[PDB]
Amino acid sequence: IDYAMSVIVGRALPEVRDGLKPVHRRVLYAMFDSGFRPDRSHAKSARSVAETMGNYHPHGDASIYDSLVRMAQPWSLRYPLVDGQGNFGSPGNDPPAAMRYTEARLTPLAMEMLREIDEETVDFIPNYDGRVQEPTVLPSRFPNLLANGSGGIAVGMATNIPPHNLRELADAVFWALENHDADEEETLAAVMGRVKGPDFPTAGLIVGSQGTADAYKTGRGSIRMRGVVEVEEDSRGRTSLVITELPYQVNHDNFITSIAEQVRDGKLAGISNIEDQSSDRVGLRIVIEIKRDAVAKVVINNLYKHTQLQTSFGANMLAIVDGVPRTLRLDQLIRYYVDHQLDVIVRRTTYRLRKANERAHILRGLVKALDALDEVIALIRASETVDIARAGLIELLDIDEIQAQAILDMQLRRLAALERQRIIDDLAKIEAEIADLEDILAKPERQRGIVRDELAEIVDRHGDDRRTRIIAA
């Protein structure tokens, strides 16, 4: 039926607001709700998988651990959300260890995605069995969809958003925050000016400008990615080619294999031997030894030709906007994100203000009780029951049942001189807070300034240098 697709496209494509699919959102939220934060010891992955399975994804589905694992791989995510410990696989064919052998916890950036989620910043909905509530989206204090990108298949409509530099994106966002009046085309230009292009975790080089611009303005484009090969004098002492970087998503093992197989086919003469000298110290380092009668330049170009040393990234900016799949331009992605940020901020202050009032209400009744301490005390001791006392206090002080209950819940230790003053002082602080909150609600410029300052803090702390180099040649 019509809702069939609406569900297939839910597991297939990412939301534009946080850039996540239901699985990942569930996993992250589960870890959060479990307290698996960065300032705490890693927890066995089985714990996270289990918390997700029982509350949100009731399947012995391998897709849970698969999501947890992937969000931990620095070669897959430009900005990882999971902090892994143990065997989480490799850029090659080496498979990850079982749930029970690995440990995981959230990264500081992931903590920014969940920031203030308990302050009604996003809409929650009941889970599969209706016992608990789950988030439809995360606050996403940092532009995750564009930062980490996304890749998924729908009914022939598969998304393919590339990763980007956090510092750059933040610049584009800051511009959109100040130029709220601007029109799309005026914005499309400013954002395209700040975001130089994709920034893959694997580094490498992007060759050209067409693919990028096409993607940013038409939501579709072919980006030319190229590995990084160095030329070295070997112990031969002749020439050896050294590939230190590969294009995004290129499997190291499959790559080396294609070279050896392509060679045997006779398609890659000039090559004497291939050897992997990679390591955590040296990083990627595939040494290709060329024959003494060979030109480095010709071998290189033949590599670009017959291997993934040079490959294309087929960008397709397709995301879910209000439950409907859509192909977007960079300016739309940016505006939809900013809108969400603003929505989060108003909702946050709306919530804080409500709770601030409830707090002040109680305090006003505690202060009243203080000004009549001797009376309330005698009244309470004279009362045969707490009910009588509750009723007597309401009458005696002119307060409601909640306020009257707060007084009866008060502890002896709060009667100490400095304790009593603390109640007074608090009341003043709370009233001042309420005012400031009401001010934010009244001024859209204040709200805009808040998202800007908070985002700036985030970029200062977690922002990093660009990895992928753009080559106009």
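For every residue, the number given is its place in the sequence shown, counted from 1.
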- line: Mean B factor on CA atoms, stretches 383 to 391 and 102 to 110, record says higher is 383 to 391
- request: Going by the average Cα B-factor in the PDB entry, point out whether 269 to 277 or 165 to 173 comes out higher.
  value: 269 to 277
message: In terms of recorded Cα temperature factor, pick the maximum from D439, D39, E51, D33.
response: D439
- line: When the entry's CA B-factors for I430, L28, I64, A43 are compared, the highest one belongs to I430
- request: Divide the modelled residues of the chain into thirds by Cα B-factor and specify which third, lowest, middle or highest, holds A406.
  value: middle
query: Comparing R226 with the other modelled residues of its chain, is its CA B-factor in the lowest, middle or highest third?
result: lowest
field: Within-chain third of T327 by Cα B-factor, per the entry
entry: highest
- prompt: If you rank the chain by CA B-factor, which third does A456 end up in: lowest, middle or highest?
  reply: middle
statement: In terms of its chain's C-alpha B-factors, the third that includes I334 is the middle
